[PDB]
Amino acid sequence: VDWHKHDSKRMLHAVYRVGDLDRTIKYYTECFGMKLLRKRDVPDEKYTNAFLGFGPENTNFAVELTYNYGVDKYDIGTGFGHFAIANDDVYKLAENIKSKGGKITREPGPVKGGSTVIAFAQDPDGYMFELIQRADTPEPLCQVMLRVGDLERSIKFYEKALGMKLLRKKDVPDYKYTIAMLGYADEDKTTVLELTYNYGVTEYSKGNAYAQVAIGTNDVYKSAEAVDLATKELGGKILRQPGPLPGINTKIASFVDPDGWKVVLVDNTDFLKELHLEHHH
C-alpha cells in the first residue's frame, strides 16, 4: 500500500546463465561497448559471476552473467524476450557488431510504420538484444522484455507487488499484441520491464537460462509483505522469505510473478556494501 511511496526502489540487474564466460564478456565488450564491471569466482559452489553494463552498478543497471563450471549450454525457452540497448547510431552499432564477429538477426532500419530505428543482435548463447536508436540516453541497458499470459493481471501485479508505474501501454491489434512498459522512472531515463502479450497466448516456457531480475529496496521485509498481499489477489508466490544470507549477510527475498518469472529483492544498503567490498577492498 503506502510503503511503495516511502521506499526508494531501483532495477539492479538481470541475472542469466552463459555457457562460456570469457566469450560472452568479449562479445559484450567488443560488440556492444559494455564494460566489465566486476567478476566474482565462487569455486566452492562451482560458479562464476560477471557483471557488465555501461556505468557503475551503484547508479546503473547491469547484466549479471552466471557460468556454472563445465556447463556449456542452456535452454532459453519461449517466454524470454530480449534485453535492449539504446544507442544514438544503430546503423554504426550493427556494423560494429558484424565487424567484431557478432551476429545481426534483424538489420538496422525503421520499425512498423516506421519510424524508430531498431536492429536485433543475437549473443553466443542465443539471447536476443534489441538495439534502439535514441539520441541521448542516460541508461543504455534500457529494457528487459518478458512475455506474459494476461497483461492486465501483470500490470496490476507489478504495481501492487513492486510499486512499479505503468509508463506506457500500446495495443497493436493489427499484429495481435499488446505491450506495457513498467518502471521506477520515466521510460527514456530508466531500465523498464517490457511485458508482451500475444493475443490468445497464455503460457510460455521459462527455460533454464534466464534466472531473475533483481530490484533494490530499502526494506526487504516491508517489500516482501507487499508482494505476499499481491500474490493473494493476483497469483505468484514468495519463494525465499526475507532475511540475511549466511556469511555475507545481504538481506534478500525472492518470489515468482503470476507467470512464473522470478524476482529477487535486495536491501539497497547491503547491495552497496557488496559493491564496496569488491571494488575498494
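Just count from 1 along the sequence shown to find any residue number.
When the mean C-alpha temperature factors of 79-87 and 106-114 are read from the deposited coordinates, 106-114 comes out higher. Averaged over their C-alpha atoms, the temperature factors of 243-251 and 65-73 are higher for 243-251. Sorting the modelled residues of the chain by their CA temperature factor places residue 230 in the highest third. Looking at the C-alpha B-factors along this chain, the one for residue 130 belongs to the lowest third. Ranked by C-alpha B-factor against the other modelled residues of its chain, residue 216 falls in the lowest third.
Per the deposited record, the Cα B-factor of residue 52 falls in the lowest third when ranked against the other modelled residues of its chain.
When the modelled residues of the chain are ordered by their C-alpha B factor, residue 183 lands in the lowest third.
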